Structures are given as structure tokens and as C-alpha cells.
Amino acid sequence: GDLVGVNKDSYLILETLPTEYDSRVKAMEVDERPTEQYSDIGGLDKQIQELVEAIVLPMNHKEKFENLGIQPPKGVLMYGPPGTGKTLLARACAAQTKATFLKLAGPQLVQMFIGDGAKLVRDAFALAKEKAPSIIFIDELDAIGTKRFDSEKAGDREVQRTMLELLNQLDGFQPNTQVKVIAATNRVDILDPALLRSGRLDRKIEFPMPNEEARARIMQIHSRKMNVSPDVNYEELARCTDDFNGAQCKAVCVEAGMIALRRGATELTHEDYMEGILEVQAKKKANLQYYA
Amino acid sequence: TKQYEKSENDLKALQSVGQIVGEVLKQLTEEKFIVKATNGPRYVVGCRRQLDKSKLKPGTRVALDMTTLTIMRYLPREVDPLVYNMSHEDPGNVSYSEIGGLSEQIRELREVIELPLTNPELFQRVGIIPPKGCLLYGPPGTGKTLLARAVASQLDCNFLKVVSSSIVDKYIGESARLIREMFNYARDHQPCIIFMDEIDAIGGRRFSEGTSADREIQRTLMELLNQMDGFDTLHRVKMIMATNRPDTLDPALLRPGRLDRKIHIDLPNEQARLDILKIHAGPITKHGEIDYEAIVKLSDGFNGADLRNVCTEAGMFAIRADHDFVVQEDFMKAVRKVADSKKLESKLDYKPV
Amino acid sequence: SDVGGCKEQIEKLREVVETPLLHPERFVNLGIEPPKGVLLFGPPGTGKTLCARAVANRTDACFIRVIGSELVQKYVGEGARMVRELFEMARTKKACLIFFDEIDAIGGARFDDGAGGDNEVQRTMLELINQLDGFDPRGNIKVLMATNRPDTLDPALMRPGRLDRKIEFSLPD
Ligand SMILES: Nc1ncnc2c1ncn2[C@@H]1O[C@H](COP(=O)(O)OP(=O)(O)OP(=O)(O)O)[C@@H](O)[C@H]1O
Ligand SMILES: Nc1ncnc2c1ncn2[C@@H]1O[C@H](COP(=O)(O)OP(=O)(O)OP(=O)(O)O)[C@@H](O)[C@H]1O
Ligand SMILES: Nc1ncnc2c1ncn2[C@@H]1O[C@H](COP(=O)(O)OP(=O)(O)OP(=O)(O)O)[C@@H](O)[C@H]1O
């Protein structure tokens, strides 16, 4: 082992101390909880039913599995253009799990020396196995999950090598059956094709553009705190939302407050809504002509 | 009450300081031993009369005094990661039957792996030298670490576990000398078996001259390749290797001698898919009606993994139906659909040879 | 007054930084929320000069200029530590601001066949957006983005969620 406590010239160990290491690698993230919850999002009830399934059923319903003889899922792929807003989904419901949760950034595994990210991930899954059950969320896997093609050289060949080491922690060793690890990627373009498995990436859900119902719903959730003059269609602007991301509905609210300021009006109005819509999308400008 | 005093008397013996390790380079005389510390400095010392001078020998791990810097006690060999290479565990045995195919590969590695151990006579009579190495590659299919894993836990004897990410070592690629020392302890516990997972990275081509990492990686590769170019008899040690793409592995590894055999996994035939589906239908409680040819007709080109995840997908979709025993109609639905989603995410499964 | 007559531009990119920073209580009253960050681009005239104006009219808390090329370095993984630790600094500097010029050099999207290529560029920019997508703060420090060409799309499809207030030049009246 290591860490055994010995005093200078004594070269004898009074006490054997644990545990492990190290600083940023030890604690990448220790999450109390983010305040948001699944009630703040809308339109995902089916895919958030799939998520709440994959994360919740090992926690409380493990007895059901042992009755049916079920192997629960581990890797669950999360993809879609923002937004979506899958990060608030995973971290919101992660705050609803009450179980141990560790955030992680994909490019963090890119390091200065050869294969530091390897011992990094091993330390991660070691503290995860210590805190079991737990949940680890990673994003931008495609940043470090591009296997390239052929030598030379993949500067991440060590990093993606550590990814294939995660596939070894999911391959040659079963114990990862506890502490489900969730992953998210904005684009599925590049992948390790071996990532398909129940212990690896299993439930894979496309996150589409929200629908006018869901768009006006979630945008109404962003504007529900602010003072709004009680005349809003949400139908008019719900149809006026075309190709919008839900995040651009947030931007519609934010702009509604912005010009709501310069107007001097104490309460938000519908002309302000359609105004901000025109503001963020679509862009500008040219001039009104030729179409009469 | 008195046992405590026994411990405290042990402390009186702990007033003796730990000695300093070292190696024996040569010996100039009986009172002049040419030694080196594991930390680098070299020394020449005499020693006491409790030694046997012939027992010393050059290249010997010894312990030295803190002042006289001379041998009192000595130990032959030590290695930290070895017992951890031996600590791998896998169930089966029976999983060696659970995997289904591939039969001729199963029996093939059983012969070239297990048979030189038990029966060197059959080989030494015909005049053929036993093959010392083999290669596995997925995921054109999959089951590499499964199959070979159940060979390690099947044949038992002595076996060594290696992940390619433990040879990183950061400074001073002496994980190379950990391959040397590791091969020496494989010569200690011989016969032994060697796993090699993800051999692409530790098999690279050094095609384009670049940076540092690639160069020292290639250096540890020179250690590997020249230790399979011996100058040594690797008959008693076995080596199993698995990687995604048999492309970047360089002609040195692709050359026989170093790597004698080449075996692959392929996408399971509907026969083997049928079988692995059978053994995956066992642990799951099912309704009285079961028809496997439905899933066999529907499921085509999956990995064995994708097939067992398809079974788990059936059951975990059936936790919504809340039924304990589940019909295979729900299995046809969820298995079929979600399986075809896996096939929409099945992009670029086509690998070299 | 060194502005060349651009008003709507200077008005929006002004109220987006001064007004929330000068009079924070105003928005807290009407809150809602002011947007995270902004974007500038167009022909060279005049880029980066209105930034100098933000320097002048800057009242109290300092702001950190960041040129585009100092992110990219050889021996990969350096610019990552860089951008991260400057974000930690800005989280120490309480309401201090950041500006980025020449972002089009480091935000080249998306990829090529191989071998890369964008992989260091990608991990640095996508890593930047990764720091941008954590819930905290984020950042109460705003940001500022000025470049030539609006491409590429990956940072431009990652901005509108967090960032906003994209304004274009204009160019002489
Ligand atoms: N369908 C939706 N329901 C609720 N909120 C949404 C929705 N779509 C967008 N948002 C909002 O958009 C904002 C921006 O989130 P964003 O889309 O950047 O997260 P994300 O895309 O999951 O993260 P990343 O960009 O790392 O993938 C969030 O604050 C979120 O509240
Ligand atoms: N022929 C098979 N029989 C039984 N299980 C299989 C078979 N092939 C694959 N699997 C399943 O695949 C999972 C991973 O084992 P395996 O050694 O195939 O990983 P791998 O080949 O390294 O995966 P990849 O090649 O995709 O990285 C195991 O849980 C195993 O149950
Ligand atoms: N509209 C304007 N108002 C005031 N000064 C201007 C204007 N247009 C150009 N100038 C002057 O012209 C000079 C050149 O413009 P500047 O170099 O600031 O743009 P730029 O830095 O080339 O833009 P970019 O950063 O996109 O390359 C500036 O010093 C500025 O004083």
C-alpha cells in the first residue's frame, strides 16, 4: 500500500492511513444541489421518463430487478443541439436523486503528461465506488471521444486511450454495476463505435427542437416570475417560434425585460414579446423594399 | 493484561531503524563490495561474517546499514504491481459455455494456449516449435475480454492482467523496465498468461515524427519487441491481445515470431445469436410463451453485447408493464424498436484487418 | 464621443454592460435578468475600437482583455489550464469582465476527417463552452466577443443559449 505514516528518521509506521488522492482529481465536483428541478422543464416527459427510469430504477427498485433477473442500464447517451437544455435536465434530476453526484467536464481529462487522465479516471471511479451509489455526469465526450484514424499523431491517443480504459472498466471488470455514469454530447458525429452496450452507452435519446406547446410552456416558465400584463397569446408567439431553441425563448424573455426597461412600462406586454422575438431571430437587416 | 507488555517490548525492538536497500554491482574484494542504491549512488563497502560470499552474486537486491552502508540482510526479488495483475477475478468457466460462438476459435486458442503447457511432448515429437503468441480483435462483433477472460479464469494455472493504460508512467518510461521486470516475474511464476487490452495505443506506428510521447511509447515498444525477439525462451509464457483496429500495430507486431497467431471475433451468426439469446433468456423470468426465432429473424448484425442489452431492454421496458413474467410480444416490441435505434446509432462499425 | 455615429449599436452594447453594472438594483427590481454576454463582428472598421470605449467609460471593477492567439499553444493542454484559471480569477474578481478578440482563430468548427486538425482547437474552444455551461455563476462577469467573420457555427450555436445581444455593423451611414 501507501500513505503509511512514518516520522522522519524513524523508518517505522505508527499508523496506516487512508484514503487515496488527489486534490483536483480527488474532488472534481462535490455537489450540494442545484435548485432547479424537472418541473422547470417541459416537453420532455417521454424522454425524461426514460431518464428517470434509467437513473431511478436501480436506487429504489433494485428488488424488482432481482425478482425479474434484470441487468440495469449504466451508460446513457444524451445528445441534441442546445437547447434542449439537457444539462439542466441531468443536473436538476441529479439534485432530485439525493444520491452522491459528481459533475465533470470532458476536456478536463486532457492533461500535460502522458496518461494523467488515466489515473484521473481511475481515481474518479474509485471515489465513486466509495460513495456508491453515485452519479457522474460528463459532457463533450466527442471532444475526447474522437479516435481519429491512423498514426501519426493523435495527441489525445492517451486520452481516448483512457476512454478505452473506461471501456475496460465497463468490459474486463463488472464492479461498475454500481454508480451509474451518465454522458452527454451536443453532436453524435464522432464516437467510439464500441460505446454501444448496456454497461456502455445504452439508452440513447434524440433531443429535438421543442414544440410550440412546449416552447410557450417553457418560455412561460422563464417569464412566470416576472410581471406580465395578462394579455399573452403564447399561441401567436408559439407559432412565431420557428427553428427556435428553448434557450432562444429564454432570450425572448430576457429581451422582453430589456426593452421593458427602456419602455418605462412597469409590466410586460405582448408587443414586447413579438418585439424581442424579432430582435433575436432572425438577425438583420437589409431594408423594406421590392416586396411592397 | 500481560499481552500489552508483550507489544510494548516489541516497541523496544522497533528502536532499530529500517535499513537502506541497494543492489550488488560487483565485488572488488571480500571487504570491498561494489554496490549501488536504488536511488542511484554507487558505493564500495565491506560486510560482516553472517554472509555467504558466494551467495552474494552480482545483480542482487540487498539491504545496507545506515552508517557502515553494508549488507546485513538481503531479499531476492520484489514487485509491486504483480499481485495486482494476479488479483483479477472473473466468474466462469461456465461463461466459456455461455458465450456461444465462436467454436473453432474457442478450441483453437484452447489448443495453442493450453496444449503447450500440459503436452510439450506432442509438439517436440513432430519437430514443430510451439507458438508463443496470439491476437484477438473486436468490435467486428465483440466478446474479446469475455472469452479470453474466461480462459484466464478457466485454465487457471498462473495468469497476469495488463491494461495498456498502466504503462503510462509519466516521467522516465521505466514502465518499460516494468515490462522487463514483469517478464522476469512471468519467468518466476511460469507458466503464465499475459493479457493485453487496447494494444492500438501501445502498438502505434510512429508514422509521422512528432512530439515526445509517441517517441517514448515507441521506446517501450522496442522493449516489448526485442523481448519477443529473444535471446529468451517465451515458450512457458502466454500472451493474449485485444484491440479495436489491427492497423496501427506496425509490421514488427504483425510479424510472426513476436505475434504468431491471428484470430478475430466476427458478427454472430443467427445460430450463435440464437444460442447467446438462449443463455440470456435464462436469468430473466418469462411468460409461458417463448419464441426465439422471432428475435432471431428480427435481430440481424448486432453484437453479442447489443443482443444482451436488447434482452435487458426487453425486461426494463417490461418494468413499465409491471408484470413479473413477461410475454415475448413485449420483447418483440421493445427489443425490435430500441434495437433498431441501436442500429441507427451503429454508424461506422467497419474496421480493418 | 470617439464613436463614429453608430448609436443603436453603441446603445445596446452600452446598456448591456454599464446599466447592469452601473445600476444593478434597477434590474433586481424589474428582474427578470440582463443577458450573460454579447457579440461584435463585421468589417474591421471599426472593430476593437468600441472595446477601447468600454475601457474608457469603464468605471470601477477592472476587466480583462484576452487576445485570440494566446489561447492556442503547442504542447496541448496548456490553453485549457489557461482559460480555466482565468475563469477562476474572474470569479475571484467579483463582477469583473472579460473580452475576447480574434475568437475566429480558436473557435474553428467543426472537424475534419483525420488525423486532426481541430482536436486541440476543439478541446480548447469546446472546453471554453464547457466552462460556459456549468451552472455557476455564471458568471456575473459577463463576457465580450468581437471578431471579423461570424463563422464558425459551433460556438455560434453554443452562444445564443448563454450569450445574446448579437449586433452587426454598420459600416458608414
Ligand atoms: N425544452 C426546454 N425546457 C426547459 N428549459 C429549456 C429548454 N430548452 C432550453 N431551455 C433553457 O435554455 C437555457 C440554456 O441551456 P442549454 O440548452 O445551453 O443547456 P444544454 O444545451 O443542456 O447544455 P450544453 O450546451 O452543455 O449541452 C437553460 O437555462 C434552459 O433553462
Ligand atoms: N459472444 C458473446 N456472448 C456473451 N456475451 C457477449 C458476447 N459478445 C459480447 N458480449 C457482451 O459484451 C460485453 C462486453 O464484453 P466484450 O469483451 O465483448 O467487450 P469488448 O469486445 O471490449 O467491447 P468493444 O469491442 O465494443 O469495446 C459483456 O458484458 C458481454 O456480456
Ligand atoms: N466609426 C468609427 N468611429 C471612430 N473611429 C473609427 C471608426 N471607424 C474607424 N475608426 C478609426 O479607424 C481605426 C481602425 O479601426 P480598428 O483598427 O479599431 O478596427 P479593427 O481593429 O481593424 O477591427 P478588427 O478588430 O475587426 O480587425 C481606429 O483607430 C479608429 O479610431
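Along the chain as shown, residues are numbered 1 onward.
We read in the header that electron microscopy, 3.8 Å was used to get this structure.
Quick reminder: no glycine exception, Cβ is built from N, Cα and C everywhere.
In the three-state DSSP scheme, B:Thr142 (ATP binding site) falls into the coil class. Among the features that Swiss-Prot reports, ATP binding site is placed at B:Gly138, B:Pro139, B:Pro140, B:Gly141, B:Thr142, B:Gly143, B:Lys144, B:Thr145.
Here Swiss-Prot flags B:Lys36 (among others) as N6-acetyllysine. Counting only same-chain residues six or more apart in sequence, the Cβ atoms lying under 8 angstroms from the Cβ of B:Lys36 (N6-acetyllysine) belong to B:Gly22, B:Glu23, B:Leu25, B:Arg42, B:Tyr43.
Look at B:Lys170 (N6-acetyllysine): DSSP puts it in coil. When other Cβ atoms within 10 Å of the Cβ of B:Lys170 (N6-acetyllysine) are tallied across all protein chains shown, the result is 13. Among the features that Swiss-Prot reports, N6-acetyllysine is placed at B:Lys170 (among others).
Using a 10 Å radius centred on the Cβ of B:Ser208 (phosphoserine) and all shown protein chains, the other Cβ atoms total 12. The phosphoserine annotation in Swiss-Prot covers B:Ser208 and rests on a large-scale study or a structure entry.
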> If you count Cβ atoms within 10 Å of each one, which of the binding-site residues B:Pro139, B:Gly141 comes out on top?
Replying inline: B:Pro139
>> Using Cβ atoms only, which of the recorded positions B:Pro139, B:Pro140, B:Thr142, B:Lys170 are under 8 Å from chain C?
In response: none
>> Between B:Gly138, B:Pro140, which of the binding-site residues has its C-beta surrounded by the fewest other C-beta atoms within 10 Å?
In response: B:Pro140
> Among the recorded positions B:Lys36, B:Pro139, B:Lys170, B:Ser208, which have a Cβ atom lying under 6 Å from any atom of ligand 2?
Replying inline: B:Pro139
> Within 8 Å of the Cβ centre of B:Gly138, B:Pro139, B:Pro140, B:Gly141, B:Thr142, B:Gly143, B:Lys144, B:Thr145, which other residues of the chain have their Cβ, at the recorded ATP site?
Replying inline: B:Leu136, B:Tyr137, B:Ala242, B:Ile265, B:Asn303, B:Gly304, B:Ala305
> Which of the recorded positions B:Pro140, B:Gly143, B:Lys170, B:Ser208 have a Cβ lying under 8 Å from any Cβ of chain A?
Replying inline: B:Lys170, B:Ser208
>> Return the count of C-beta atoms lying within 10 angstroms of the C-beta of B:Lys144 (ATP binding site), excluding that atom itself.
In response: 23
>> I'm trying to understand the geometry here, so how far is the Cα atom of B:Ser208 (phosphoserine) from the Cα atom of B:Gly138 (ATP binding site), in Å to the nearest whole number?
In response: 26
>> Quick check: of the binding-site residues listed here (B:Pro139, B:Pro140, B:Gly141, B:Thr145), which one has the Cα closest to that of B:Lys170 (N6-acetyllysine)?
In response: B:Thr145
